[PDB]
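*Asks:* After the structure tokens below, expect a handful of questions from me.
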Amino acid sequence: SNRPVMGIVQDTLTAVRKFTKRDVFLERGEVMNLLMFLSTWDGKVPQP
Amino acid sequence: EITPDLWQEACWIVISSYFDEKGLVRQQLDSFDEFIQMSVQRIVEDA
Amino acid sequence: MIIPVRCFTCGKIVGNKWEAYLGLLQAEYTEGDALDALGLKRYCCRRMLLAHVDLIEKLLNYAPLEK
Amino acid sequence: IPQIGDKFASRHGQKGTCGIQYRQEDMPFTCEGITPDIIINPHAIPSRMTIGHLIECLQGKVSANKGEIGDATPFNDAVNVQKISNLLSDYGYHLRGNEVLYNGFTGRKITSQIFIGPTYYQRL
Amino acid sequence: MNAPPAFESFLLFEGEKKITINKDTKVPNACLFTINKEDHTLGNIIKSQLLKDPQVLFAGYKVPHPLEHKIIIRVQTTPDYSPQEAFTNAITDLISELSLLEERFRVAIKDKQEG
Amino acid sequence: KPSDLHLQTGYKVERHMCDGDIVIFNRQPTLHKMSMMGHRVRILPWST
Amino acid sequence: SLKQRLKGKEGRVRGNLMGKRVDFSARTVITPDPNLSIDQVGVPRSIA
Amino acid sequence: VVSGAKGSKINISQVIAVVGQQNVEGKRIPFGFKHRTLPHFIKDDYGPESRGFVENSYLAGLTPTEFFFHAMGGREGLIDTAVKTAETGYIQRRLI
Amino acid sequence: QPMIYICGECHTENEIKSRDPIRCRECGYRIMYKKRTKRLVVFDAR
Amino acid sequence: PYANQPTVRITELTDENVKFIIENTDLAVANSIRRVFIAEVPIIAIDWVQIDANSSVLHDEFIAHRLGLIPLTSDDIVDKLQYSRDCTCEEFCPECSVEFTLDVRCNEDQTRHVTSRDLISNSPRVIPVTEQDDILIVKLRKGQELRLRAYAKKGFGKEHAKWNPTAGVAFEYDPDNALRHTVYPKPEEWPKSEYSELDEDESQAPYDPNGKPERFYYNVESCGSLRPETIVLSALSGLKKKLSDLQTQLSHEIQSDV
Amino acid sequence: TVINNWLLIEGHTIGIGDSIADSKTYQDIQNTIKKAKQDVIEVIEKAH
Amino acid sequence: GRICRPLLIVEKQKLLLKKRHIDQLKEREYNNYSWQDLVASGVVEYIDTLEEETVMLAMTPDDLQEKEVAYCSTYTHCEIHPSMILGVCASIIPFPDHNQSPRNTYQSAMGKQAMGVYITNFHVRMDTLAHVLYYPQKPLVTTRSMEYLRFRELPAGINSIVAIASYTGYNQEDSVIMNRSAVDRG
Ligand SMILES: [Zn+2]
Ligand SMILES: [Zn+2]
Ligand SMILES: [Zn+2]
């Protein structure tokens, strides 16, 4: 059916829906904790 | 007289009396009991 | 079977409480009064005696195989 | 000894293997020192619809605080969830069993309020 | 069966370095510090102390896996200032405030037990 | 004996599998072609 | 009989030629892990 | 539900508000007794509660007649799940 | 060289021989229980 | 660029617990001191159980398990003992272990309770903690017995939970969430903390963006294996020792790079 | 990885607080059940 | 081979289970007043399935003998307790009417598979595959019917402080995170 089969399963999907809301803000330490887990991060912290 | 609203504790008394009298396996025991007490003699005489 | 030595969550030593818990039950307290008379504030320590079944007293009825 | 892969179940058809075992310092904890023994998925609830698991957990907090083995006959009408909540509120808890867990790794308290309390688990 | 023994959380072995420094190549002045046989109870304090320097541009740590006992602390500091220097100042600042905290705890015990 | 544990070029060695080996992983009932796929081995301690 | 040895789902064609028991295969319970990539399976040591 | 990770609006409606009409074979709970569904109901009772409509929710809990009618609908679902498997596998085998 | 078995219901102990019919001397009870081993056991208290 | 100066204020000190407040430190320092209360404090607990004889209804590994979890008075010996795997002895000695001996046969028609009192040490300081009753190890019918020798050794809570000195470590910061780390949907339903200082009209404190976690409230309840203040002293000493050994390995690695 | 590690900060649960509507909603539900039940009864008395 | 179950007996609109039966029935082992004396008293009787087609069965007396906008007012029997419609494995479920019914069926399957002290003389028995448990507990949340299956005497499972939390991601798809220190405490 020319679509993916993997997708994003349940708990990652609710946490990413709550994550990408408009009212979600992150402190500098929480950002540096999260960016530690990106494998594809080029080492540049984005502008807030 | 009757049991107006203490019925909730009065029914579990009669459930407890049932399972203290009968038990959980009266089917197996009473069935085998009536078998070996009456029905084996009925098989022997009905031959 | 026998009472656990520690509460599973805390690690509070609850194994020394069981016979005194039986004493406070037979001395006509409620179970909730007996627990905090033994001094168990956290409910995870209260379930350790409140819902124990002392099954080893059934196991001691049988005569010991080795003698 | 219970290890991961060992299959546990509630009294509601809520089975599941052990995913991981954390030590006590890694497990989250309330304002008091109480950590969980099990942490189950929140997604196990809403499609399976075992609300009786939640009510068993709430009546379990009420039972372990009150010091009595609580009653869960099915067709009662003397125990609904509002009476359970009013009994839980007297022991200094939230009405609906939610309790502020602190995180076990970072220590920052978790933004949501985690439903916690004692259920009865069966090892299969 | 396949239960790892209980001393795998903290005992090293022959041929295991406790700390391994790997200079990052993506950005200038950054290092990955691989600590073997530790957990969040070291890297969290080191991360929070490295956020207190005005000269650390990035301070993070992760465990790769919770069944394998190692952490990685990534440090990126400002140029002219080596991240190894920031790390060895974070450890000394922690030892400073913990020894001060221990002495003040002793004094508080002597206050409490003696009225 | 240690005299025949020598290796010259051309022997085979049936070695225990390490990280990075490829395995096929499936679930009965295998309905479609993504019910049987190839993974890379990672060696983790516990027995699952 | 011989025809009964061949005709079944447990026979020779379907039961032994089509689907047969294979060496080099393991079967254990799966438990989740979100800390490894989508093409990695974490096998035990005593399987490996 | 809004993320679509697990569940739907129907599960919210059945937990909070009302379980709804229980069905056996696409129609209501049939008269297994003589012209009544359970021996607690009067004969020829085509009402909501007699014929399997459950007005309670899973938060309030079901009355025993509603429990039994709900168990009937669930048994129909499990019969479907257990009988489906062999026929679908044989269709797959023939197609391949 | 004889093996000491515990006599089931009797709870007494007795010798036994190779190719010996298994009988107690007190009441001829047929079930014997082998005594606990004499070598050492050591348990990690974990 | 440096460490803030923390301070301690002890609200109570009992033989069970200690309740105190640590001000002017970071959150991760505070959480780590909690986690070192739970894990990294070493005490003395039984780890080598040799069952000489057993006839009790509980099997051997159950009795060795129950002898594991018994708390031992280790208030001053655990600083003197070496870790067992670190000692140069012939595999056990009085410098890395404490010998215990249990020898109980029930010769009476009463059910005889093998308690923690029947554990007999050779070291008079390291004895089981049990006013309070003794810790029930195993009950015995007449005819049954158990004899065993049990060596106790130094270890900490990461290794096994029988080396955990704490019953409970309550830890909370910002009990009226002025920081708003947790976000209550309806804060009227929520009970106030023990350390709340708001009047009963008010539910939770007003938000400040410029605030940070400070004034950490701890309640460290010991299980009896240590006094509740020497748990805290041993934890601070152990955390400073872990950091110092990490600094020594760091100095070796920096000298290896240069 | 990064959404699970944000979810440690956020946290996500489900509870019995999530299954209870306020009493105005329960009054609406019971009024609707009573209205539809009386409507079924009046359809029945038309059918008789 | 017919299959019956006892029901109370309702004369005009009143139960025949009077207060004096409860008074004589609380004091068992003294009056020797059994269940069979209550069957003999003409108060309960066994109704089988054919006869259920010709009986008007009150669910509970507190609702169904009081005058209202009357449903039938011609009851013959009254159910003793509705919880006695359930089996032995569906009786150990707390609040099973709040669940969904496939979940009740699946627990009825799993309750036969739970480890626990399966018998009291397990040390004598040479069973193949005996699974017994160290510290089994009775449920804090129990039914009344567990008193009669003797589930509080040979239980199967431990009361545990669960939390329902998304966490590191090892309780993802029907799995659970356990406490290593708790497991080390038995
Ligand atoms: Zn506890
Ligand atoms: Zn004899
Ligand atoms: Zn030594």
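Residue numbering restarts at 1 in every chain; chains get A, B, ... in the order shown in the structure tokens, and ligands count up from 1 in that same order.
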Produce a table with one row for each residue of chain L that has an atom at most 12 Å from any atom of ligand 1, each row naming the nearest atom pair and its distance in Å at one decimal; use only C-alpha atoms and all ligand atoms; arrange rows by chain and rising residue number; format as a tab-separated table.

*Replies:*
residue	atom	partner	partner_atom_place_in_ligand_line	distance
L:160	CA	ligand 1	1 (Zn)	10.9
L:161	CA	ligand 1	1 (Zn)	9.8
L:181	CA	ligand 1	1 (Zn)	11.9
L:182	CA	ligand 1	1 (Zn)	10.0
L:185	CA	ligand 1	1 (Zn)	11.3

*Asks:* Around ligand 2, which protein and nucleic acid residues have at least one atom no more than 8 Å from it, if we count only C-alpha atoms and all ligand atoms? List them as a VMD selection string.

*Replies:* chain I and resid 6 to 14 24 to 29

*Asks:* Keeping only N, CA, C and O atoms, write the selected residues as a PDB file, in the first residue's frame.

*Replies:*
ATOM      1  N   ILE I   6      15.913 -42.607  55.642  1.00  0.00           N
ATOM      2  CA  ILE I   6      14.980 -42.243  56.701  1.00  0.00           C
ATOM      3  C   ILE I   6      13.622 -42.833  56.364  1.00  0.00           C
ATOM      4  O   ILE I   6      13.143 -42.703  55.233  1.00  0.00           O
ATOM      5  N   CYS I   7      12.998 -43.481  57.341  1.00  0.00           N
ATOM      6  CA  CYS I   7      11.977 -44.485  57.055  1.00  0.00           C
ATOM      7  C   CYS I   7      10.584 -43.901  56.909  1.00  0.00           C
ATOM      8  O   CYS I   7       9.637 -44.467  57.451  1.00  0.00           O
ATOM      9  N   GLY I   8      10.441 -42.826  56.130  1.00  0.00           N
ATOM     10  CA  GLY I   8       9.139 -42.302  55.755  1.00  0.00           C
ATOM     11  C   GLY I   8       8.236 -41.912  56.906  1.00  0.00           C
ATOM     12  O   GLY I   8       8.418 -40.877  57.551  1.00  0.00           O
ATOM     13  N   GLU I   9       7.246 -42.768  57.157  1.00  0.00           N
ATOM     14  CA  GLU I   9       6.331 -42.576  58.273  1.00  0.00           C
ATOM     15  C   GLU I   9       7.014 -42.778  59.621  1.00  0.00           C
ATOM     16  O   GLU I   9       6.656 -42.112  60.596  1.00  0.00           O
ATOM     17  N   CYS I  10       7.990 -43.687  59.699  1.00  0.00           N
ATOM     18  CA  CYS I  10       8.607 -44.004  60.985  1.00  0.00           C
ATOM     19  C   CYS I  10       9.511 -42.888  61.475  1.00  0.00           C
ATOM     20  O   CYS I  10       9.704 -42.742  62.687  1.00  0.00           O
ATOM     21  N   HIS I  11      10.116 -42.148  60.548  1.00  0.00           N
ATOM     22  CA  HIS I  11      11.105 -41.088  60.747  1.00  0.00           C
ATOM     23  C   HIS I  11      12.387 -41.577  61.420  1.00  0.00           C
ATOM     24  O   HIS I  11      13.222 -40.758  61.817  1.00  0.00           O
ATOM     25  N   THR I  12      12.577 -42.883  61.551  1.00  0.00           N
ATOM     26  CA  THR I  12      13.831 -43.442  62.016  1.00  0.00           C
ATOM     27  C   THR I  12      14.720 -43.727  60.817  1.00  0.00           C
ATOM     28  O   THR I  12      14.305 -43.605  59.666  1.00  0.00           O
ATOM     29  N   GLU I  13      15.958 -44.104  61.090  1.00  0.00           N
ATOM     30  CA  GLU I  13      16.943 -44.297  60.042  1.00  0.00           C
ATOM     31  C   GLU I  13      17.481 -45.718  60.081  1.00  0.00           C
ATOM     32  O   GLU I  13      17.505 -46.359  61.136  1.00  0.00           O
ATOM     33  N   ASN I  14      17.906 -46.208  58.921  1.00  0.00           N
ATOM     34  CA  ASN I  14      18.407 -47.571  58.835  1.00  0.00           C
ATOM     35  C   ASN I  14      19.366 -47.711  57.665  1.00  0.00           C
ATOM     36  O   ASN I  14      19.355 -46.915  56.725  1.00  0.00           O
ATOM     37  N   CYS I  24      11.359 -50.886  55.799  1.00  0.00           N
ATOM     38  CA  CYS I  24      11.731 -50.487  57.143  1.00  0.00           C
ATOM     39  C   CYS I  24      11.767 -51.702  58.061  1.00  0.00           C
ATOM     40  O   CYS I  24      11.173 -52.746  57.780  1.00  0.00           O
ATOM     41  N   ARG I  25      12.484 -51.563  59.173  1.00  0.00           N
ATOM     42  CA  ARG I  25      12.465 -52.599  60.193  1.00  0.00           C
ATOM     43  C   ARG I  25      11.383 -52.376  61.233  1.00  0.00           C
ATOM     44  O   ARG I  25      10.953 -53.340  61.875  1.00  0.00           O
ATOM     45  N   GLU I  26      10.930 -51.134  61.414  1.00  0.00           N
ATOM     46  CA  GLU I  26       9.921 -50.862  62.430  1.00  0.00           C
ATOM     47  C   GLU I  26       8.550 -51.357  61.990  1.00  0.00           C
ATOM     48  O   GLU I  26       7.924 -52.169  62.680  1.00  0.00           O
ATOM     49  N   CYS I  27       8.067 -50.896  60.834  1.00  0.00           N
ATOM     50  CA  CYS I  27       6.767 -51.358  60.368  1.00  0.00           C
ATOM     51  C   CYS I  27       6.765 -51.744  58.897  1.00  0.00           C
ATOM     52  O   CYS I  27       5.680 -51.885  58.317  1.00  0.00           O
ATOM     53  N   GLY I  28       7.930 -51.930  58.281  1.00  0.00           N
ATOM     54  CA  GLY I  28       7.982 -52.343  56.893  1.00  0.00           C
ATOM     55  C   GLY I  28       7.472 -51.305  55.923  1.00  0.00           C
ATOM     56  O   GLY I  28       6.930 -51.662  54.873  1.00  0.00           O
ATOM     57  N   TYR I  29       7.605 -50.026  56.263  1.00  0.00           N
ATOM     58  CA  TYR I  29       7.106 -48.966  55.404  1.00  0.00           C
ATOM     59  C   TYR I  29       7.997 -48.835  54.178  1.00  0.00           C
ATOM     60  O   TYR I  29       9.222 -48.896  54.272  1.00  0.00           O
TER      61      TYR I  29
END

*Asks:* May I ask for the distance between CA of residue 170 (chain J) and CA of residue 111 (chain E), given in Å to one decimal place?

*Replies:* 22.8 Å

*Asks:* All residues within 10 Å of ligand 3 are required, counting only C-alpha atoms and all ligand atoms; please report them as a list in words.

*Replies:* residues 81, 82, 83, 84, 85, 86, 87, 88, 89, 90, 91, 92, 93, 94, 95, 96, 97 and 153 of chain J

*Asks:* Create the file for the chosen residues now, containing N, CA, C and O atoms and written as a short mmCIF file (atom, residue, chain, number, x, y, z; two decimals), in the first residue's frame.

*Replies:*
data_model
loop_
_atom_site.label_atom_id
_atom_site.label_comp_id
_atom_site.auth_asym_id
_atom_site.auth_seq_id
_atom_site.Cartn_x
_atom_site.Cartn_y
_atom_site.Cartn_z
N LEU J 81 36.52 -2.00 58.11
CA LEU J 81 36.59 -3.20 57.29
C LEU J 81 37.02 -2.87 55.87
O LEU J 81 36.57 -1.88 55.29
N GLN J 82 37.87 -3.71 55.32
CA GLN J 82 38.11 -3.67 53.89
C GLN J 82 36.97 -4.39 53.19
O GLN J 82 36.27 -5.21 53.77
N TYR J 83 36.77 -4.03 51.92
CA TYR J 83 35.92 -4.85 51.07
C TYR J 83 36.54 -6.22 50.93
O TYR J 83 37.77 -6.35 50.87
N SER J 84 35.69 -7.25 50.92
CA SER J 84 36.16 -8.63 51.02
C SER J 84 37.02 -9.00 49.82
O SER J 84 38.10 -9.57 49.98
N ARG J 85 36.59 -8.60 48.63
CA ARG J 85 37.33 -8.85 47.41
C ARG J 85 38.61 -8.02 47.30
O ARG J 85 39.40 -8.28 46.39
N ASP J 86 38.82 -7.05 48.18
CA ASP J 86 40.05 -6.27 48.19
C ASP J 86 41.08 -6.77 49.19
O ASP J 86 42.23 -6.34 49.12
N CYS J 87 40.71 -7.64 50.11
CA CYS J 87 41.64 -8.03 51.15
C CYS J 87 42.60 -9.09 50.63
O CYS J 87 42.27 -9.90 49.76
N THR J 88 43.82 -9.06 51.16
CA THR J 88 44.88 -9.99 50.79
C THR J 88 44.87 -11.24 51.63
O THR J 88 45.85 -11.99 51.63
N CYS J 89 43.79 -11.49 52.36
CA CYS J 89 43.73 -12.62 53.27
C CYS J 89 43.53 -13.92 52.50
O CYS J 89 43.29 -13.95 51.29
N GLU J 90 43.58 -15.03 53.25
CA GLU J 90 43.19 -16.34 52.73
C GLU J 90 41.67 -16.40 52.78
O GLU J 90 41.05 -16.99 53.67
N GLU J 91 41.05 -15.66 51.85
CA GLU J 91 39.66 -15.66 51.37
C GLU J 91 38.59 -15.33 52.42
O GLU J 91 37.46 -15.08 52.02
N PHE J 92 38.93 -15.24 53.71
CA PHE J 92 38.12 -14.67 54.79
C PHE J 92 39.00 -14.41 56.00
O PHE J 92 39.92 -15.17 56.28
N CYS J 93 38.69 -13.33 56.72
CA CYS J 93 39.49 -12.88 57.86
C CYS J 93 38.63 -11.94 58.69
O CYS J 93 37.58 -11.49 58.23
N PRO J 94 39.05 -11.62 59.92
CA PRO J 94 38.35 -10.58 60.69
C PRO J 94 38.62 -9.15 60.23
O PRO J 94 38.15 -8.22 60.90
N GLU J 95 39.36 -8.92 59.16
CA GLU J 95 39.52 -7.56 58.66
C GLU J 95 38.53 -7.25 57.55
O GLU J 95 38.30 -6.07 57.25
N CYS J 96 37.90 -8.26 56.96
CA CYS J 96 36.93 -8.02 55.91
C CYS J 96 35.61 -8.73 56.15
O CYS J 96 34.79 -8.81 55.22
N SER J 97 35.37 -9.25 57.35
CA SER J 97 34.18 -10.06 57.59
C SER J 97 33.89 -10.10 59.07
O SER J 97 34.74 -9.80 59.91
N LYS J 153 29.95 -9.19 55.27
CA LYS J 153 31.00 -8.43 54.62
C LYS J 153 30.48 -7.06 54.22
O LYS J 153 29.28 -6.84 54.09
#

*Asks:* Can you work out the spacing between CA of residue 192 (chain J) and CA of residue 91 (chain D) in Å, to one decimal?

*Replies:*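 Going from CA of residue 192 (chain J) over to CA of residue 91 (chain D) covers 12.3 Å.
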
*Asks:* So how many Å separate CA of residue 46 (chain F) and CA of residue 46 (chain G), to one decimal?

*Replies:* 9.3 Å

*Asks:* Which neighbours of residue 12 (chain K) fall inside 12 Å, counting only C-alpha atoms, when residues of the same chain fewer than 3 positions from it are skipped, and could you give them as a PyMOL selection string?

*Replies:* (chain A and resi 10-19) or (chain D and resi 39-43+98+100-101+110-115) or (chain J and resi 182-183) or (chain K and resi 3-4+6-9+15) or (chain L and resi 163-169)

*Asks:* I want to know what sits within 10 Å of residue 86 (chain D), based on only C-alpha atoms, with residues of the same chain fewer than 6 positions away left out; could you give that as a list in words?

*Replies:*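 The residues satisfying every condition are residues 62, 94, 95 and 96 of chain D.
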
*Asks:* Write out as JSON, numbers by chain all residues of chain B that backbone DSSP assigns to helix (DSSP H, G or I).

*Replies:* {"B": [7, 8, 9, 10, 11, 12, 13, 14, 15, 16, 17, 18, 19, 20, 21, 26, 27, 28, 29, 30, 31, 32, 33, 34, 35, 36, 37, 38, 39, 40, 41, 42, 43, 44, 45, 46]}

*Asks:* Keeping only N, CA and C atoms, write the selected residues to a file as an mmCIF file, in the first residue's frame.

*Replies:*
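Writing the result to selection_1.cif gives the following:
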data_model
loop_
_atom_site.group_PDB
_atom_site.id
_atom_site.type_symbol
_atom_site.label_atom_id
_atom_site.label_comp_id
_atom_site.auth_asym_id
_atom_site.auth_seq_id
_atom_site.Cartn_x
_atom_site.Cartn_y
_atom_site.Cartn_z
ATOM 1 N N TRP B 7 -29.447 -6.377 54.626
ATOM 2 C CA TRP B 7 -29.459 -7.488 53.687
ATOM 3 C C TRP B 7 -28.084 -7.750 53.100
ATOM 4 N N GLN B 8 -27.276 -6.700 52.956
ATOM 5 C CA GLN B 8 -25.965 -6.823 52.335
ATOM 6 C C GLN B 8 -25.030 -7.692 53.160
ATOM 7 N N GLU B 9 -25.175 -7.683 54.477
ATOM 8 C CA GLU B 9 -24.414 -8.603 55.303
ATOM 9 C C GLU B 9 -25.176 -9.883 55.608
ATOM 10 N N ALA B 10 -26.483 -9.913 55.356
ATOM 11 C CA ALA B 10 -27.262 -11.113 55.626
ATOM 12 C C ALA B 10 -27.196 -12.115 54.487
ATOM 13 N N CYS B 11 -26.916 -11.672 53.267
ATOM 14 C CA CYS B 11 -26.798 -12.641 52.186
ATOM 15 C C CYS B 11 -25.469 -13.375 52.223
ATOM 16 N N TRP B 12 -24.392 -12.721 52.647
ATOM 17 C CA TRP B 12 -23.120 -13.423 52.681
ATOM 18 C C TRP B 12 -23.050 -14.432 53.811
ATOM 19 N N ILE B 13 -23.899 -14.287 54.824
ATOM 20 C CA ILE B 13 -24.064 -15.332 55.825
ATOM 21 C C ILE B 13 -24.634 -16.590 55.192
ATOM 22 N N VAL B 14 -25.581 -16.434 54.270
ATOM 23 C CA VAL B 14 -26.171 -17.644 53.717
ATOM 24 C C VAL B 14 -25.295 -18.210 52.604
ATOM 25 N N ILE B 15 -24.472 -17.374 51.955
ATOM 26 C CA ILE B 15 -23.465 -17.905 51.032
ATOM 27 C C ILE B 15 -22.408 -18.692 51.798
ATOM 28 N N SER B 16 -21.980 -18.171 52.953
ATOM 29 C CA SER B 16 -21.008 -18.870 53.784
ATOM 30 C C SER B 16 -21.570 -20.176 54.319
ATOM 31 N N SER B 17 -22.857 -20.194 54.661
ATOM 32 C CA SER B 17 -23.480 -21.426 55.131
ATOM 33 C C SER B 17 -23.590 -22.444 54.008
ATOM 34 N N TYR B 18 -23.823 -21.973 52.778
ATOM 35 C CA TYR B 18 -23.838 -22.872 51.628
ATOM 36 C C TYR B 18 -22.477 -23.508 51.411
ATOM 37 N N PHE B 19 -21.423 -22.697 51.371
ATOM 38 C CA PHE B 19 -20.118 -23.266 51.059
ATOM 39 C C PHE B 19 -19.460 -23.945 52.246
ATOM 40 N N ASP B 20 -19.970 -23.747 53.458
ATOM 41 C CA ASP B 20 -19.536 -24.592 54.558
ATOM 42 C C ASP B 20 -20.282 -25.913 54.564
ATOM 43 N N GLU B 21 -21.547 -25.916 54.152
ATOM 44 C CA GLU B 21 -22.283 -27.169 54.063
ATOM 45 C C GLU B 21 -21.837 -27.983 52.857
ATOM 46 N N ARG B 26 -19.108 -30.632 45.360
ATOM 47 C CA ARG B 26 -20.188 -31.588 45.616
ATOM 48 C C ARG B 26 -20.640 -32.328 44.371
ATOM 49 N N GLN B 27 -20.435 -31.754 43.187
ATOM 50 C CA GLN B 27 -20.800 -32.436 41.951
ATOM 51 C C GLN B 27 -20.009 -33.727 41.771
ATOM 52 N N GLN B 28 -18.684 -33.660 41.919
ATOM 53 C CA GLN B 28 -17.821 -34.816 41.720
ATOM 54 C C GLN B 28 -18.053 -35.850 42.807
ATOM 55 N N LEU B 29 -18.094 -35.394 44.058
ATOM 56 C CA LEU B 29 -18.186 -36.307 45.187
ATOM 57 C C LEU B 29 -19.570 -36.917 45.299
ATOM 58 N N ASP B 30 -20.622 -36.107 45.162
ATOM 59 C CA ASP B 30 -21.978 -36.637 45.221
ATOM 60 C C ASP B 30 -22.297 -37.513 44.021
ATOM 61 N N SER B 31 -21.729 -37.206 42.851
ATOM 62 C CA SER B 31 -21.960 -38.031 41.678
ATOM 63 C C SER B 31 -21.302 -39.395 41.817
ATOM 64 N N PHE B 32 -20.027 -39.420 42.221
ATOM 65 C CA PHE B 32 -19.360 -40.693 42.470
ATOM 66 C C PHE B 32 -19.979 -41.433 43.645
ATOM 67 N N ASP B 33 -20.499 -40.701 44.630
ATOM 68 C CA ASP B 33 -21.109 -41.315 45.799
ATOM 69 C C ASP B 33 -22.382 -42.047 45.414
ATOM 70 N N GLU B 34 -23.242 -41.398 44.627
ATOM 71 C CA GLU B 34 -24.462 -42.057 44.186
ATOM 72 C C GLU B 34 -24.166 -43.179 43.205
ATOM 73 N N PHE B 35 -23.118 -43.030 42.381
ATOM 74 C CA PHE B 35 -22.637 -44.124 41.538
ATOM 75 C C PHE B 35 -22.315 -45.359 42.355
ATOM 76 N N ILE B 36 -21.303 -45.264 43.211
ATOM 77 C CA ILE B 36 -20.796 -46.453 43.883
ATOM 78 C C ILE B 36 -21.724 -46.932 44.988
ATOM 79 N N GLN B 37 -22.709 -46.126 45.388
ATOM 80 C CA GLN B 37 -23.663 -46.577 46.387
ATOM 81 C C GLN B 37 -24.874 -47.261 45.769
ATOM 82 N N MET B 38 -25.387 -46.768 44.645
ATOM 83 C CA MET B 38 -26.619 -47.318 44.103
ATOM 84 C C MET B 38 -26.437 -47.900 42.714
ATOM 85 N N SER B 39 -25.732 -47.190 41.837
ATOM 86 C CA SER B 39 -25.779 -47.505 40.420
ATOM 87 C C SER B 39 -24.992 -48.756 40.080
ATOM 88 N N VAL B 40 -23.966 -49.097 40.859
ATOM 89 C CA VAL B 40 -23.225 -50.327 40.595
ATOM 90 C C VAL B 40 -24.087 -51.545 40.904
ATOM 91 N N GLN B 41 -24.845 -51.480 42.002
ATOM 92 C CA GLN B 41 -25.825 -52.514 42.315
ATOM 93 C C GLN B 41 -26.911 -52.588 41.252
ATOM 94 N N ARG B 42 -27.318 -51.435 40.711
ATOM 95 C CA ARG B 42 -28.303 -51.445 39.631
ATOM 96 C C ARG B 42 -27.748 -52.094 38.367
ATOM 97 N N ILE B 43 -26.458 -51.906 38.079
ATOM 98 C CA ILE B 43 -25.859 -52.563 36.915
ATOM 99 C C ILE B 43 -25.776 -54.064 37.137
ATOM 100 N N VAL B 44 -25.416 -54.477 38.352
ATOM 101 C CA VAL B 44 -25.260 -55.899 38.649
ATOM 102 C C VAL B 44 -26.607 -56.619 38.624
ATOM 103 N N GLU B 45 -27.654 -55.994 39.158
ATOM 104 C CA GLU B 45 -28.963 -56.634 39.109
ATOM 105 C C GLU B 45 -29.621 -56.531 37.739
ATOM 106 N N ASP B 46 -29.349 -55.475 36.971
ATOM 107 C CA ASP B 46 -29.973 -55.339 35.659
ATOM 108 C C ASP B 46 -29.285 -56.157 34.574
#

*Asks:* For chain G against chain L, which residues fall within 9 Å using only C-alpha atoms, given as a count of residues only?

*Replies:* 5

*Asks:* Quick one: residues within 9 Å of region 43-46 of chain A, only C-alpha atoms, excluding same-chain residues fewer than 5 positions away - as a PyMOL selection string?

*Replies:* (chain A and resi 31-32+35) or (chain E and resi 26-27+57-58+76)

*Asks:* Write a file of the just-selected residues containing N, CA and C atoms, as a JSON list (two decimals), in the first residue's frame.

*Replies:*
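Once everything was written out, this is again_38.json:
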[["chain", "number", "residue", "atom", "x", "y", "z"],
["A", 31, "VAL", "N", 17.68, 21.43, 27.31],
["A", 31, "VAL", "CA", 18.08, 21.37, 25.90],
["A", 31, "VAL", "C", 19.38, 20.60, 25.75],
["A", 32, "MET", "N", 20.36, 20.90, 26.60],
["A", 32, "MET", "CA", 21.64, 20.22, 26.48],
["A", 32, "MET", "C", 21.54, 18.76, 26.86],
["A", 35, "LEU", "N", 19.81, 17.31, 23.40],
["A", 35, "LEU", "CA", 20.70, 17.29, 22.25],
["A", 35, "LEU", "C", 21.85, 16.32, 22.41],
["E", 26, "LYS", "N", 33.70, 17.71, 15.41],
["E", 26, "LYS", "CA", 32.65, 18.44, 14.72],
["E", 26, "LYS", "C", 32.77, 19.94, 14.97],
["E", 27, "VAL", "N", 32.96, 20.33, 16.22],
["E", 27, "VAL", "CA", 33.08, 21.74, 16.59],
["E", 27, "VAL", "C", 34.43, 21.92, 17.27],
["E", 57, "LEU", "N", 30.20, 26.18, 26.79],
["E", 57, "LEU", "CA", 29.14, 26.45, 25.83],
["E", 57, "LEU", "C", 28.15, 25.30, 25.72],
["E", 58, "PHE", "N", 28.55, 24.10, 26.10],
["E", 58, "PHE", "CA", 27.68, 22.93, 26.06],
["E", 58, "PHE", "C", 28.14, 21.95, 27.12],
["E", 76, "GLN", "N", 31.69, 21.32, 25.57],
["E", 76, "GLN", "CA", 32.22, 22.30, 24.64],
["E", 76, "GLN", "C", 32.42, 23.60, 25.39]]

*Asks:* List every residue of chain A that has an atom at most 12 Å from any atom of region 37-41 of chain G, giving for each one its closest atom pair and the distance in Å to one decimal, counting only C-alpha atoms, sorted by chain and then by ascending residue number, as CSV.

*Replies:*
residue,atom,partner,partner_atom,distance
A:6,CA,G:38,CA,9.4
A:7,CA,G:38,CA,11.3
A:8,CA,G:38,CA,11.3
A:39,CA,G:37,CA,10.5
